[PDB]
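Source file: entry-v3.txt; contents: compact mmCIF, C-alpha atoms.
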# COMPACT_ATOMS: atom_id res chain seq x y z
CA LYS L 40 -2.00 -15.80 31.11
CA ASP L 41 -1.93 -13.78 34.36
CA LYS L 42 -2.73 -10.07 33.64
CA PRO L 43 -0.15 -7.27 33.91
CA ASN L 44 -1.02 -3.88 35.41
CA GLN L 45 -0.05 -2.00 32.24
CA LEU L 46 0.62 -2.42 28.51
CA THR L 47 2.44 0.14 26.42
CA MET L 48 1.84 0.94 22.77
CA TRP L 49 3.52 3.25 20.34
CA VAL L 50 1.10 5.13 18.12
CA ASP L 51 1.81 7.02 14.90
CA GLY L 52 0.67 10.62 15.49
CA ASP L 53 -1.52 12.82 17.68
CA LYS L 54 -4.57 12.11 15.57
CA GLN L 55 -4.30 8.36 15.98
CA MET L 56 -3.17 8.68 19.60
CA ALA L 57 -6.40 10.53 20.41
CA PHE L 58 -8.39 7.85 18.61
CA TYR L 59 -6.71 4.94 20.39
CA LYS L 60 -6.94 6.63 23.74
CA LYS L 61 -10.73 6.36 23.51
CA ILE L 62 -10.43 2.77 22.36
CA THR L 63 -7.94 1.71 25.04
CA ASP L 64 -9.91 3.45 27.79
CA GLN L 65 -12.59 0.87 27.04
CA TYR L 66 -10.02 -1.90 26.90
CA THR L 67 -9.05 -0.96 30.45
CA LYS L 68 -12.69 -0.99 31.68
CA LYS L 69 -13.07 -4.50 30.25
CA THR L 70 -9.75 -6.08 31.44
CA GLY L 71 -8.50 -3.72 34.15
CA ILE L 72 -5.18 -3.39 32.36
CA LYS L 73 -4.03 0.20 32.02
CA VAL L 74 -2.65 1.14 28.60
CA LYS L 75 0.10 3.69 28.17
CA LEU L 76 0.15 5.29 24.70
CA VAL L 77 3.25 7.00 23.28
CA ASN L 78 3.24 9.25 20.20
CA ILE L 79 6.04 8.13 17.94
CA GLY L 80 6.04 8.45 14.14
CA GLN L 81 6.14 5.15 12.27
CA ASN L 82 9.27 6.26 10.38
CA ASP L 83 11.09 6.35 13.73
CA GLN L 84 9.66 3.37 15.61
CA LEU L 85 12.20 0.77 14.40
CA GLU L 86 15.24 2.86 15.19
CA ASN L 87 13.80 3.84 18.60
CA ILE L 88 12.62 0.36 19.60
CA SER L 89 16.05 -0.84 18.49
CA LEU L 90 17.42 1.12 21.45
CA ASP L 91 14.60 1.31 24.04
CA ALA L 92 13.53 -2.38 23.79
CA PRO L 93 16.82 -3.84 25.17
CA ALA L 94 16.82 -1.19 27.93
CA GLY L 95 13.49 -2.61 29.08
CA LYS L 96 11.71 0.69 28.40
CA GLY L 97 10.04 -0.26 25.14
CA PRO L 98 6.48 -0.89 24.06
CA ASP L 99 4.60 -4.13 24.07
CA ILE L 100 3.05 -3.41 20.67
CA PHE L 101 4.34 -0.95 18.07
CA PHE L 102 3.34 0.39 14.61
CA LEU L 103 5.07 0.24 11.26
CA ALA L 104 4.53 0.21 7.49
CA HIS L 105 4.70 -3.44 6.32
CA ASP L 106 7.73 -2.73 4.09
CA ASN L 107 9.74 -3.02 7.34
CA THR L 108 8.44 -6.51 8.28
CA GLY L 109 11.64 -8.31 7.32
CA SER L 110 13.97 -5.90 9.05
CA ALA L 111 11.95 -5.87 12.25
CA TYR L 112 12.13 -9.63 12.25
CA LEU L 113 15.77 -10.05 11.28
CA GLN L 114 16.85 -7.55 13.95
CA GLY L 115 15.04 -9.58 16.63
CA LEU L 116 12.54 -6.82 17.42
CA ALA L 117 9.29 -8.18 15.92
CA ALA L 118 7.89 -11.37 17.46
CA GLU L 119 5.72 -13.96 15.72
CA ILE L 120 2.01 -13.72 16.45
CA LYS L 121 0.29 -17.10 16.63
CA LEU L 122 -3.38 -16.70 15.69
CA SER L 123 -6.41 -18.94 15.43
CA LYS L 124 -8.67 -19.09 12.41
CA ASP L 125 -11.39 -17.28 14.38
CA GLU L 126 -8.86 -14.55 15.26
CA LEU L 127 -7.82 -14.22 11.59
CA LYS L 128 -11.46 -14.25 10.45
CA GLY L 129 -12.38 -10.84 9.04
CA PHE L 130 -8.87 -9.72 7.99
CA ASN L 131 -7.80 -8.92 4.44
CA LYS L 132 -5.93 -12.09 3.42
CA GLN L 133 -3.40 -10.11 1.34
CA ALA L 134 -2.72 -7.49 3.99
CA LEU L 135 -1.88 -10.40 6.28
CA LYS L 136 0.64 -11.78 3.70
CA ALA L 137 2.18 -8.33 3.51
CA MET L 138 2.88 -8.76 7.21
CA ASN L 139 4.13 -12.34 6.87
CA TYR L 140 7.86 -12.98 6.59
CA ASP L 141 9.94 -16.13 6.88
CA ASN L 142 6.58 -17.85 7.01
CA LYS L 143 5.51 -16.12 10.25
CA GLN L 144 2.67 -13.66 10.88
CA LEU L 145 4.37 -10.62 12.41
CA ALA L 146 1.65 -7.96 12.40
CA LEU L 147 -2.08 -7.32 12.06
CA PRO L 148 -3.08 -4.79 9.45
CA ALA L 149 -4.82 -1.61 10.60
CA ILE L 150 -4.60 0.64 7.53
CA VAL L 151 -4.36 -0.30 3.87
CA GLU L 152 -3.69 1.77 0.80
CA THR L 153 -3.82 1.27 -2.98
CA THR L 154 -4.54 3.39 -6.02
CA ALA L 155 -7.87 3.20 -7.90
CA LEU L 156 -9.34 4.80 -11.02
CA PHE L 157 -11.07 8.13 -10.67
CA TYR L 158 -13.06 9.56 -13.55
CA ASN L 159 -14.75 12.82 -14.36
CA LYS L 160 -18.27 11.91 -15.40
CA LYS L 161 -18.54 15.09 -17.47
CA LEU L 162 -15.96 13.57 -19.87
CA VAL L 163 -16.18 9.81 -19.30
CA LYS L 164 -19.78 8.85 -18.51
CA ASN L 165 -19.21 5.17 -17.80
CA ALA L 166 -16.74 3.45 -15.54
CA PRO L 167 -14.08 1.85 -17.76
CA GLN L 168 -14.01 -1.96 -17.41
CA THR L 169 -11.00 -2.79 -19.57
CA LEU L 170 -7.67 -1.11 -20.23
CA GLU L 171 -8.75 -0.97 -23.89
CA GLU L 172 -11.70 1.22 -22.88
CA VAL L 173 -9.27 3.37 -20.85
CA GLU L 174 -7.04 3.73 -23.94
CA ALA L 175 -10.06 4.35 -26.11
CA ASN L 176 -11.17 7.16 -23.86
CA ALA L 177 -7.55 8.38 -24.04
CA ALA L 178 -7.70 8.47 -27.88
CA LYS L 179 -10.98 10.33 -27.82
CA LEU L 180 -10.46 12.90 -25.06
CA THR L 181 -6.77 13.72 -25.31
CA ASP L 182 -6.40 17.02 -27.15
CA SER L 183 -3.28 19.19 -27.64
CA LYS L 184 -5.52 22.27 -27.80
CA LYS L 185 -7.59 22.17 -24.63
CA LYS L 186 -4.64 20.81 -22.58
CA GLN L 187 -7.07 17.94 -21.97
CA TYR L 188 -5.99 14.36 -21.33
CA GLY L 189 -8.03 11.17 -21.59
CA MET L 190 -5.95 9.32 -19.03
CA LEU L 191 -3.27 10.10 -16.49
CA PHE L 192 -1.01 8.56 -13.91
CA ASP L 193 2.54 9.30 -12.80
CA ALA L 194 4.04 6.69 -15.12
CA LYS L 195 7.60 7.72 -14.15
CA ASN L 196 6.96 6.32 -10.68
CA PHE L 197 7.15 2.55 -10.35
CA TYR L 198 4.62 2.66 -7.55
CA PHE L 199 1.98 4.03 -9.95
CA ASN L 200 2.94 2.24 -13.18
CA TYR L 201 3.21 -1.18 -11.51
CA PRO L 202 -0.25 -2.50 -12.41
CA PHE L 203 0.25 -1.31 -15.99
CA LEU L 204 3.55 -3.23 -16.16
CA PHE L 205 2.87 -6.40 -14.10
CA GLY L 206 0.05 -8.95 -14.59
CA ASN L 207 -0.53 -12.23 -12.73
CA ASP L 208 2.36 -14.30 -14.04
CA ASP L 209 4.87 -11.44 -13.70
CA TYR L 210 6.84 -10.59 -10.52
CA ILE L 211 9.47 -8.43 -8.85
CA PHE L 212 11.04 -11.25 -6.87
CA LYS L 213 10.03 -14.83 -7.52
CA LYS L 214 7.52 -15.92 -4.83
CA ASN L 215 7.69 -19.37 -3.17
CA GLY L 216 4.30 -18.90 -1.40
CA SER L 217 4.63 -15.90 0.94
CA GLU L 218 8.47 -15.74 0.74
CA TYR L 219 10.73 -14.14 -1.92
CA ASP L 220 13.87 -15.29 -3.75
CA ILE L 221 16.08 -12.17 -3.93
CA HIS L 222 18.34 -13.67 -6.64
CA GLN L 223 15.51 -14.22 -9.07
CA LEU L 224 14.23 -10.92 -10.49
CA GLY L 225 11.37 -10.65 -12.98
CA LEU L 226 11.58 -6.96 -13.87
CA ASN L 227 12.86 -7.65 -17.37
CA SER L 228 10.59 -10.52 -18.42
CA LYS L 229 9.19 -10.71 -21.97
CA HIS L 230 5.79 -9.63 -20.68
CA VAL L 231 7.02 -6.67 -18.57
CA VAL L 232 9.03 -5.38 -21.52
CA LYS L 233 5.98 -5.79 -23.73
CA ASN L 234 3.88 -3.79 -21.24
CA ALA L 235 6.71 -1.27 -20.95
CA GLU L 236 6.68 -0.86 -24.77
CA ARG L 237 2.95 -0.18 -24.48
CA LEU L 238 3.70 2.49 -21.83
CA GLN L 239 6.19 4.05 -24.21
CA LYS L 240 3.54 4.08 -26.92
CA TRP L 241 1.16 6.07 -24.73
CA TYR L 242 3.86 8.73 -24.35
CA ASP L 243 4.49 8.75 -28.09
CA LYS L 244 0.75 9.14 -28.78
CA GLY L 245 0.49 12.15 -26.44
CA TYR L 246 -1.64 10.46 -23.77
CA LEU L 247 0.89 10.86 -20.95
CA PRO L 248 2.75 14.17 -20.81
CA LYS L 249 6.46 13.94 -20.02
CA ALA L 250 6.49 17.32 -18.26
CA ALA L 251 3.79 16.69 -15.63
CA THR L 252 4.41 15.38 -12.12
CA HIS L 253 1.90 13.71 -9.84
CA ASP L 254 1.12 17.09 -8.26
CA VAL L 255 0.45 18.63 -11.70
CA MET L 256 -1.81 15.70 -12.50
CA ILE L 257 -3.79 16.32 -9.34
CA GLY L 258 -4.19 19.95 -10.37
CA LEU L 259 -5.25 19.13 -13.97
CA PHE L 260 -7.85 16.63 -12.82
CA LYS L 261 -9.31 19.30 -10.54
CA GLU L 262 -9.44 21.75 -13.45
CA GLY L 263 -11.76 19.28 -15.24
CA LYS L 264 -9.19 18.52 -17.93
CA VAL L 265 -8.61 14.87 -17.25
CA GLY L 266 -10.98 12.10 -18.13
CA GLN L 267 -9.48 9.29 -16.05
CA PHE L 268 -6.85 9.42 -13.31
CA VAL L 269 -5.21 6.56 -11.47
CA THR L 270 -4.06 7.73 -8.06
CA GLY L 271 -4.45 7.07 -4.30
CA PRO L 272 -7.30 8.03 -1.98
CA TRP L 273 -5.38 11.00 -0.55
CA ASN L 274 -7.25 13.83 -2.29
CA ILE L 275 -10.63 12.18 -2.28
CA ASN L 276 -12.36 14.91 -0.26
CA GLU L 277 -11.13 17.69 -2.56
CA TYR L 278 -12.35 15.83 -5.64
CA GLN L 279 -15.75 15.34 -4.02
CA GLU L 280 -15.82 19.05 -3.18
CA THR L 281 -14.95 19.90 -6.81
CA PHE L 282 -17.05 17.36 -8.69
CA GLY L 283 -19.89 16.31 -6.43
CA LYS L 284 -21.92 13.70 -8.33
CA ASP L 285 -19.60 13.91 -11.35
CA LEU L 286 -16.83 12.11 -9.47
CA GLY L 287 -16.63 8.50 -10.48
CA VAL L 288 -14.45 5.94 -8.79
CA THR L 289 -13.88 2.36 -9.96
CA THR L 290 -11.34 -0.42 -9.45
CA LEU L 291 -8.58 -0.81 -12.00
CA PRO L 292 -9.82 -2.58 -15.15
CA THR L 293 -8.93 -5.93 -16.63
CA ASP L 294 -5.92 -6.11 -18.93
CA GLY L 295 -6.65 -9.05 -21.21
CA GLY L 296 -7.15 -11.27 -18.14
CA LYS L 297 -8.02 -10.77 -14.46
CA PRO L 298 -8.53 -7.26 -13.02
CA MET L 299 -5.25 -5.32 -12.66
CA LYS L 300 -3.61 -5.42 -9.26
CA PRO L 301 -1.98 -2.27 -7.91
CA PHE L 302 0.48 -2.35 -5.05
CA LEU L 303 -0.99 -2.75 -1.57
CA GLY L 304 0.58 -0.79 1.31
CA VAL L 305 -0.24 -1.86 4.82
CA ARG L 306 0.41 -0.29 8.21
CA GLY L 307 -0.24 -2.11 11.47
CA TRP L 308 0.71 -3.49 14.82
CA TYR L 309 3.80 -5.53 15.63
CA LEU L 310 4.66 -7.37 18.86
CA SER L 311 7.89 -6.56 20.68
CA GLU L 312 10.13 -9.52 21.30
CA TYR L 313 10.94 -7.64 24.47
CA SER L 314 7.36 -7.61 25.69
CA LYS L 315 7.19 -9.40 29.03
CA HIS L 316 3.45 -9.92 28.46
CA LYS L 317 3.06 -11.20 24.88
CA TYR L 318 -0.20 -13.05 25.53
CA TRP L 319 -2.07 -9.91 26.72
CA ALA L 320 -0.16 -7.64 24.33
CA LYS L 321 -1.80 -9.77 21.63
CA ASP L 322 -5.15 -9.65 23.43
CA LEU L 323 -4.86 -5.85 23.09
CA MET L 324 -3.78 -5.90 19.40
CA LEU L 325 -6.83 -8.03 18.67
CA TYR L 326 -9.08 -5.63 20.54
CA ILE L 327 -7.71 -2.59 18.73
CA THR L 328 -7.95 -4.37 15.37
CA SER L 329 -11.52 -5.59 15.88
CA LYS L 330 -14.45 -5.03 13.57
CA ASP L 331 -15.87 -2.67 16.20
CA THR L 332 -12.67 -0.64 16.45
CA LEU L 333 -11.57 -0.36 12.81
CA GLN L 334 -15.15 0.42 11.77
CA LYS L 335 -15.10 3.39 14.14
CA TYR L 336 -11.66 4.11 12.69
CA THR L 337 -12.71 4.25 9.06
CA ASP L 338 -15.71 6.45 9.93
CA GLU L 339 -13.63 8.94 11.84
CA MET L 340 -10.47 9.04 9.64
CA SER L 341 -11.71 8.16 6.15
CA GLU L 342 -9.06 5.52 5.57
CA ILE L 343 -9.41 1.95 4.35
CA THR L 344 -8.62 -0.61 7.10
CA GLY L 345 -7.15 -4.16 7.12
CA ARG L 346 -10.53 -5.80 7.70
CA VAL L 347 -12.83 -6.87 4.92
CA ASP L 348 -15.81 -6.69 7.30
CA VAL L 349 -15.42 -2.96 7.89
CA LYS L 350 -17.54 -0.74 5.63
CA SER L 351 -17.21 2.92 4.82
CA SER L 352 -20.43 4.78 4.35
CA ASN L 353 -18.66 6.80 1.61
CA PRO L 354 -19.34 5.09 -1.75
CA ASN L 355 -16.12 6.43 -3.19
CA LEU L 356 -14.10 4.79 -0.37
CA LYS L 357 -16.07 1.57 -0.82
CA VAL L 358 -14.38 1.27 -4.21
CA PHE L 359 -10.98 1.43 -2.48
CA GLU L 360 -12.14 -1.26 -0.03
CA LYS L 361 -12.70 -3.54 -2.96
CA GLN L 362 -9.42 -2.55 -4.59
CA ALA L 363 -7.62 -3.44 -1.39
CA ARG L 364 -8.91 -7.03 -1.74
CA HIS L 365 -7.46 -7.44 -5.22
CA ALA L 366 -3.93 -5.98 -4.76
CA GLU L 367 -0.30 -7.14 -4.54
CA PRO L 368 1.68 -6.21 -1.46
CA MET L 369 4.89 -4.29 -1.94
CA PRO L 370 7.48 -6.96 -1.12
CA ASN L 371 8.12 -6.75 2.61
CA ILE L 372 11.81 -7.51 2.50
CA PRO L 373 14.89 -5.32 3.06
CA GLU L 374 16.09 -5.93 -0.49
CA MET L 375 12.95 -4.26 -1.95
CA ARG L 376 14.47 -0.87 -0.95
CA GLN L 377 16.95 -1.46 -3.74
CA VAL L 378 14.28 -1.79 -6.48
CA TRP L 379 12.54 1.60 -6.26
CA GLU L 380 15.22 3.95 -7.60
CA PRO L 381 16.40 1.80 -10.50
CA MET L 382 12.89 1.01 -11.73
CA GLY L 383 12.03 4.68 -11.28
CA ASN L 384 15.03 5.57 -13.38
CA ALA L 385 13.98 2.93 -15.90
CA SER L 386 10.53 4.51 -16.09
CA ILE L 387 11.96 8.01 -16.60
CA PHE L 388 14.14 6.66 -19.41
CA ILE L 389 11.17 4.96 -21.07
CA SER L 390 9.25 8.20 -20.87
CA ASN L 391 12.23 9.77 -22.72
CA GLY L 392 12.17 7.25 -25.61
CA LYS L 393 14.86 4.79 -24.47
CA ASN L 394 14.46 1.21 -25.70
CA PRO L 395 12.34 -0.35 -22.94
CA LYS L 396 14.10 -3.73 -22.92
CA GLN L 397 17.43 -2.02 -22.46
CA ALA L 398 15.95 0.10 -19.65
CA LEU L 399 14.56 -2.89 -17.78
CA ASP L 400 17.77 -4.82 -18.38
CA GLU L 401 19.86 -1.95 -16.96
CA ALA L 402 17.55 -1.71 -13.96
CA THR L 403 17.78 -5.43 -13.40
CA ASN L 404 21.59 -5.55 -13.54
CA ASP L 405 21.80 -2.50 -11.22
CA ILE L 406 19.40 -3.95 -8.64
CA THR L 407 21.33 -7.25 -8.70
CA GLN L 408 24.60 -5.39 -8.24
CA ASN L 409 23.26 -3.09 -5.50
CA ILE L 410 21.69 -5.94 -3.50
CA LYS L 411 25.09 -7.72 -3.55
CA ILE L 412 26.69 -4.60 -2.11
CA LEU L 413 24.26 -3.67 0.69
CA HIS L 414 23.04 -7.22 1.38
CA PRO L 415 26.17 -9.43 1.29
Give the structure from the file, written as structure tokens.
Amino acid sequence: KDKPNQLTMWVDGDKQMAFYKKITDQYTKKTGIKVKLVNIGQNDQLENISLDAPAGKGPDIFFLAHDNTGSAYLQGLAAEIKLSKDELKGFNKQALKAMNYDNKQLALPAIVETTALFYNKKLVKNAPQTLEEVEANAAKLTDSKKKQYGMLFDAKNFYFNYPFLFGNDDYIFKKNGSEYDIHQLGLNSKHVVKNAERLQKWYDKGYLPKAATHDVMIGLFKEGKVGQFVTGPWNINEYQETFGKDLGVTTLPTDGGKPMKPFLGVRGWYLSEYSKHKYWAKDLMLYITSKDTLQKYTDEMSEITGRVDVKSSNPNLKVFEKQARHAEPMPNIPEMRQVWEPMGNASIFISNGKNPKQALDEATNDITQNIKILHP
């Protein structure tokens, strides 16, 4: 626990690098440890650290999307972070799980992301509480003529249709706590099929258009033609600009049970196994993931963070803060990469009238087969 002269961190982008410079300048004034910052996109940090780490010219702490947690660990790049309860206090419990593999905490969440339900108050006056209300608004507002839709979401994309397909008991890979069994898939369970048949019914009834893509849906919502729209927080400022006080945002509704859980995507800091100063590297991660820091972060970037004690002053983003506390992390294991395309294909097929059970069965067999190939 004897201080180094410098700690190096890899930051994702010029915007964030400017933000963390300010933050780390203060870290230096407090500890007297200089901090070198290096701008390296998160889509390139694993591959780079894979090379630079062994050469001794790697970072102490680096930044990745949580989907990579398993790979970073299996490769011997990401080191376990031992934390106290007081250190964990304040963090989103689920974001932490998203960064927990092989029963080890491997990162601290900085940014979180989920969808939520936007609504145009000129068409839907009250925030829908149940999926039945959402459907009911669909039945009322959807009209061939006006090119108006009661509800929308990119149902061909598994990322967006997940909460509509999977409730509490359902799963992608069977969970044994915070770990996943890769040989036990739940994509074609009685209940997912049943929900998939419901999805098919919405297409049949004209609620979801087969021709539109997520980008088209964004455009239609902005034209004031869409009552309700499940999507991410990415275009929030342009919806505010367009709708002002007529922009409603609420968490996803209940679906016959607990509130629906969308996927949770987390990005945060990992500790290099090749750090020669793990103790202080951690001291730095903790400083940069503090209430004080991430609060300044949310204010200045308009993104939801990995802390439940950080609060956006934007009431629309406050809804996403809540949503982020009731969400399911995208499985953080290498094998998950094999699920996206087949389920996507399944979804496309359902949209086109294919028997949903067959579609989910096909996807399941294909995922099983593909995992056996790329993950012997």
Practice problem: Using only C-alpha atoms, give me every residue within 9 Å of (3.7, -9.8, 23.2) in file coordinates, as a PyMOL selection string. | Solution: chain L and resi 99-100+118-120+309-322
Quick one: residues within 12 Å of residue 262 (chain L), only C-alpha atoms counted, chain neighbours fewer than 6 positions away excluded, as a PDB file with C-alpha atoms, keeping the file's coordinate frame?
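Here's the written file result18.pdb:
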ATOM      1  CA  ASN L 159     -14.750  12.820 -14.360  1.00  0.00           C
ATOM      2  CA  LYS L 161     -18.540  15.090 -17.470  1.00  0.00           C
ATOM      3  CA  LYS L 185      -7.590  22.170 -24.630  1.00  0.00           C
ATOM      4  CA  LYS L 186      -4.640  20.810 -22.580  1.00  0.00           C
ATOM      5  CA  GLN L 187      -7.070  17.940 -21.970  1.00  0.00           C
ATOM      6  CA  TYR L 188      -5.990  14.360 -21.330  1.00  0.00           C
ATOM      7  CA  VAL L 255       0.450  18.630 -11.700  1.00  0.00           C
ATOM      8  CA  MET L 256      -1.810  15.700 -12.500  1.00  0.00           C
ATOM      9  CA  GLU L 277     -11.130  17.690  -2.560  1.00  0.00           C
ATOM     10  CA  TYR L 278     -12.350  15.830  -5.640  1.00  0.00           C
ATOM     11  CA  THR L 281     -14.950  19.900  -6.810  1.00  0.00           C
ATOM     12  CA  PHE L 282     -17.050  17.360  -8.690  1.00  0.00           C
TER      13      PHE L 282
END
Quiz item: If we count only C-alpha atoms, what is near region 220-228 of chain L at a cut-off of 10 Å, once residues fewer than 6 positions away on the same chain are taken out, given as a PyMOL selection string?
Solution: chain L and resi 204-205+208-214+234-235+372-375+378+382+395-404+406-407+410-411
Quiz item: What is the CA of residue 330 (chain L) to CA of residue 150 (chain L) distance in Å?
Solution: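 Interatomic distance here is 12.9 Å.
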Quiz prompt | Selected residue, from L:217, L:168, L:63, L:82, that lies nearest to residue 370 (chain L) when counting only C-alpha atoms | solution =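 Once distances to residue 370 (chain L) are computed over only C-alpha atoms, the minimum belongs to L:217.
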Self-check item: CA of residue 50 (chain L) to CA of residue 357 (chain L), distance in Å rounded to a single decimal
Solution: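 Interatomic distance here is 25.8 Å.
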Self-check item: Given all atoms listed in the file as the counted atoms, nearest of L:135, L:145, L:340, L:389 to residue 232 (chain L)
Solution: L:389
Quiz item: Could you state the separation of CA of residue 304 (chain L) and CA of residue 152 (chain L) in Å, given to one decimal place?
Solution: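 Distance reported for this atom pair: 5.0 Å.
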Exercise. Please provide as a PyMOL selection string all residues within 12 Å of residue 251 (chain L), with the sequence filter that same-chain residues fewer than 6 positions apart are discarded (counting only C-alpha atoms).
Key: chain L and resi 186+188+191-196+242+257-260+387+390
Quiz item: Which is closest to residue 142 (chain L) among L:287, L:104, L:334, L:109, if we use all atoms listed in the file?
Solution: L:109
Quiz prompt | L:286, L:54, L:117, L:49 ranked by distance to residue 96 (chain L), top pick (using all atoms listed in the file) | solution =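 So, comparing all the options, the nearest one is L:49.
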Self-check item: Given only C-alpha atoms as the counted atoms, nearest of L:308, L:291, L:249, L:219 to residue 169 (chain L)
Solution: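 Under the stated criterion, the closest residue is L:291.
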Quiz prompt | Polymer residues at most 12 Å from region 68-74 of chain L, only C-alpha atoms, same-chain spacing of 3 or more positions, as an MDAnalysis selection string | solution = chainID L and resid 41:50 56 59:65 77 98:100 316 319:320 322:324 326:327
